[PDB]
Structures are given as C-alpha cells and as structure tokens.
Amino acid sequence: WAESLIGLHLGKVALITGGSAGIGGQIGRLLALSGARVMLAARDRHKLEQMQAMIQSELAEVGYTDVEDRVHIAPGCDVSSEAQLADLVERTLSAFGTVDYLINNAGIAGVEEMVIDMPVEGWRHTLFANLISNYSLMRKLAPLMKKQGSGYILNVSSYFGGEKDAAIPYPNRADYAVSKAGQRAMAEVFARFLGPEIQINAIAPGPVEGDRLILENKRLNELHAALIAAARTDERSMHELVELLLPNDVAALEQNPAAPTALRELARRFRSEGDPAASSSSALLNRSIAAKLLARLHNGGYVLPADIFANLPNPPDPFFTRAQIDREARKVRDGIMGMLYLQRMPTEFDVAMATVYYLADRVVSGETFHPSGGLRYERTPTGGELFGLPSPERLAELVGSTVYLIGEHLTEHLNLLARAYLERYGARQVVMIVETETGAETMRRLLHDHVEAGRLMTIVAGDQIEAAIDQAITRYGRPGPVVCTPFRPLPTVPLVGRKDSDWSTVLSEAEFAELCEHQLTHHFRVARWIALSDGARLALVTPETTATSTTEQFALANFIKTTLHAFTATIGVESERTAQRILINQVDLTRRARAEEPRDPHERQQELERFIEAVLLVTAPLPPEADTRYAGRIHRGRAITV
C-alpha cells in the first residue's frame, strides 16, 4: 500500500503543526513514508514521542535507514503563542535547514458557544491558534522558500470554512468557522504574491472519523427566552423573575401559581419532553448554565447580584445521564451520516493519503482541495451586486427611528448615511460612535447643522465599544438601525519580499494580528453586544477598495470580506434561536477587481447611492408578522456587494 508513496516527496522537509495525533499525525507519517524529513509540532512531549516512535519503526520496516534523522519533534509548541512559533522555526531550520512544506494543520475546537456567550478573549484565542499562527509561520518560512526557488504552504481548513463566494453557517462555532474561512481566504489572496516560487493552497475536509453541548446550549436558550418573554408581560424585575428559578425545582416551578405562564410552561416542557434519568428533568439548571444566563442578562442590561446563583442547589451528578447524552450523540452521528453522499465516514488516514498525493501537484495555487466530503449542509452565497432598495412602506417605518453609526475612517460614508437617515427618512436621531476625539470632531464639523439641532450625538468608544454602546442606550435609547463600519483603514505594506531581501518591510505577524483585531474582532464585539438589543438591525460593513487602492489592499480587503462572511452567516442563524432575534447582515465595500471600481465622479455618485440603498435594505425593519420562518432566514446572515 505504501509502495505508491515511495519517492513521492523524497528530498522535501515538512513542518506539520498538530503532528502528534489526528489528521496531522497521519500527514506526518505519510509524508515520511513518501521520503520527506518531517518535523512534528504539538504541546504534549509524550504523545509526540509515541508518534515519532510509530513513524520511525514503520520507516525501518519499509527499508529506510537512519530513521532518527527523518522524524523530529517539537514539544511544548502551542500555535497560539507567537514566541513558541519563533522557537519552532529556529528548531526546524537548525535540524533540517530550509522547510519545503509548511503544513498548517493545528486547529483547536474553540469556545464552542454562541457568539452572545463567547468571551472576547476566547474568540481572539481561537484566531491566534487557528488563523494568525498560519500567517506567522508563513511569514518566517516564505523568505527561505523564495530564496531557494520553491515552497509549499498548506492550510488545513474545513468544509465549515465555506467556499469562494459561498459562506456556510456553523452555529455555536463562529470563532472556529471564521478561523477556517480565514485559512482558505489566505491561500486565495496570497497565491498571486507567493507565486511563481511558492504554492499556497487549502484543504477543506468534511467530518472525519477519529478524536451534549447542543442540549446544554438548548437548556440555556430555553431558560433565557422564557425569562425575557415573562419580563415583557410581568411587573416583577429580572432579579425577582430569576429568584423563581433559585429553588432549582422543575416540579415546584410548574405547580407555582405565582410564577408567569412562560416559566410554568417551560418547566412543563422540561419534565414532559425530558428523560427521567437525567437531572435536566428535575432541575432547571447547573452553575455552568446559570453563569451563562447571568452573563446574558448582565450584557443585556439587567441588574442582578453576581452571587444570585451562589446558593443554587447543584443537581446531584449527573445533571445529564449516560443515556440522554448518547441519544443526542447518535442524533448528531446519523445527522452527519445522513449528510454524507457516500454514507461511509472518511478516516484521518483517508484525508492524509489524499492530501499527500495532492501535495505532489505543482500546478495549483490559491485553491481549496476537498479530500473528503460532499455534505448536504446549507450554503449562503455571498456577493450579490443586484439589489434595489426596501419598499416605501418599510422606509416609512424609519420615521422617528434611533440610528447608531459606528466608524471613523469612512467619514464621507458616515456623513452621507447620517444625512440620508435624518434628511430623507425622518429618523429622530443619529448616535455617531467613533474611536477617537479627533474622529468625533471631524464628524461634528461635517454634520455641524444636525449637531446644533440635537439630531447628531457623538460618543468616543476607544477600545471600549461595548461600554460605548451602553452609554448610547442609557443616554439616547435602544437603536433600530446599527451600521458597523471599521474604525481603521487597511495597511499599505508589502505582502511578500524580493528574493534576496530581508523582508523587513513585509506585513509582520503583529500587524496581521492587528488587521484581524480591527477588521474581524471589531465587528464580532459589536454583533455580540447588539444581538441582545431587541429591535436592532445590524449592518457589518467591510473596508473600502477603490480604483486607486494598492494591490496589497485589494488582497487584504478580499481576505476580510470572505473571512467575515463566515461570521455573518453563523450569527445570522444563531440570532433566530434567541428571544431578541435581531437582523444581522453584511454590506461589502470591497470588490475582487480594480476594473469593477468607479473610474469617474458620476460612477462614484452611483457607487455611494448603492451604499445607502444596501444599508437601507438591511436596516429597514422586518415587521414581526412578516418575520416568518421563510422570510426570516432570507433577511439574516446575507452579504451584498456595493
């Protein structure tokens, strides 16, 4: 079986992150069998040493000599650590000289929560481990690769990272989905810069065979929605409503005449549509669900003590039995199985084998290979240019609305939008949330007339966008339309260096992390906070490309547009599963080609009008009667191109 592999990658040096187990261990093993010298990177030393022993023993069996020199290890390597990525490169280069193949395989699961329950630092941690680490290792190894005249960067993405011009929602996994989409987007935009010397592609396998949370999240969403629904028609404070759950008795809450209908019917739902073995039938929640519920309520603006769930009775272990956990696991399994065309789940070996053959192909770059797959999962095509504007009736509902505009560098766009909302659509007020005081003054000067009239308010967010949104809520009231534009423009730095250059001017690893902060994390933070604000319609706006934008800005803007589509599509689905169920969509100011951009003042006037129409389309209210299952999914998680 291994005879087909002999001599396939002979003379090549491969660096494989996550190389001690899973798909990475298999890629490392098969690349070594192919004749390549491999460096396996992971955290645990023991696991790496056991894998090294397995590979070396198998190389000896097929006939290799000096097997110790063909398989090396790098323990204590956490890809989320920049310093650890620098030691990895130094250790690899010291053991084998230049790296031919960079296999960016490591990929953590992430937070595994809905965006509204996802700590900001958790999201950043996933981006560091799964995405930023990929640019970082490329940045260190691409100069060597270019100098020797050849190289290969392979990012191990997922089917769940979507595709070119198509986003895939991955609910409870937004951080993971975005990082996967970014690995693919990187290969797509860096290919023209890394070529002809370096190839850069992605692999996007579907689910693979190898090495409860949908129910625990269901319990959280159910309690939260009922608490918010009961708050609508009950005089008691959220504090007093939460107190009804404090005995943590499902039967008592159901039989409580003093408890609101929404909470009584929820307890009836828990007991009837529940397993009598699992304590999720007798108890309302555990402290993990309680802390998440409290954080949702606190983020939403409700006042409750931090210790409200301190004296909460811990449901005697288990809170969920062995039976109900395996039942949902089998429900998930048959779901994944029933999505697979071939209905025979691929293995880690299958993906690695198909990947090791694909690495031999020298005439592809900027592509996403699917070594396994063909899933029945739903796609959100992203990039529709043909759209008009909402009906005049939906536009008439903007009369007296409260608008939040978030931004700083897109001053012409912010001024135009603010004026369109107040002058054309009779909005009551616009709250301009900027980053800096200079940004606030620039906007107050452009909108002097509306500032004087009390129609345009300014707030300086700095790096505290959430607290700034709370200031706007308390001071000016909850918003209808929310337009989130980036504070920062895209950098104008080289993305590759000259063959014999030091690469000292090329976009650094810290600058790539900053790009993600300002162009991805900025929108995530706004969305996470606004998703709990009832009646909000959020437009996430990507940076602007023009006919004069640099070639590097086109690449970085297209990297952001694709990566953010994964976020927009994921949160679009997540919001339909919440009580507030707001609207979230993406408006793209980035295009793929310079030739498509306006070339004169008339075409620019046309473009800026299209921007206003696209924002109005996604910020016009969707009446509750019109928010059907059919129309609801149509008005969430979409992306349109100006």
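Don't overthink the numbering: it's just position in the shown sequence, from 1.
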**OP:** Scan the PDB entry between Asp211 and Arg212 and report the missing deposited residues as one of none, 1 to 3, 4 to 9, 10 or more.
**Re:** 10 or more
**OP:** For the higher mean C-alpha B factor in the entry, choose 427 to 435 or 213 to 221.
**Re:** 213 to 221
**OP:** Quick one: say whether 182 to 190 or 313 to 321 has the higher mean Cα B-factor in the deposited entry.
**Re:** 313 to 321
**OP:** Identify, among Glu517, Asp463, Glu235, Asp100, the residue whose C-alpha carries the highest B-factor in the deposited PDB entry.
**Re:** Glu235
Subject >> Selection from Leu141, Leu538, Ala174, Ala262 [criterion: highest C-alpha temperature factor in the record] >> reply: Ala262
**OP:** Comparing against every modelled residue in the chain, figure out the third that the C-alpha B-factor of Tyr476 lands in (lowest, middle or highest).
**Re:** middle
**OP:** Sort the modelled residues of this chain by their C-alpha B factor and say whether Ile336 lands in the lowest, middle or highest third.
**Re:** highest
Subject >> Third of the chain, ranked by Cα B-factor, where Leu8 sits >> reply: middle
Original post:
When the modelled residues of the chain are sorted by Cα temperature factor, does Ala579 land in the lowest, middle or highest third?
Top reply: highest
**OP:** Name the third of the chain's ranked CA B-factors that contains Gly22, choosing lowest, middle or highest.
**Re:** middle
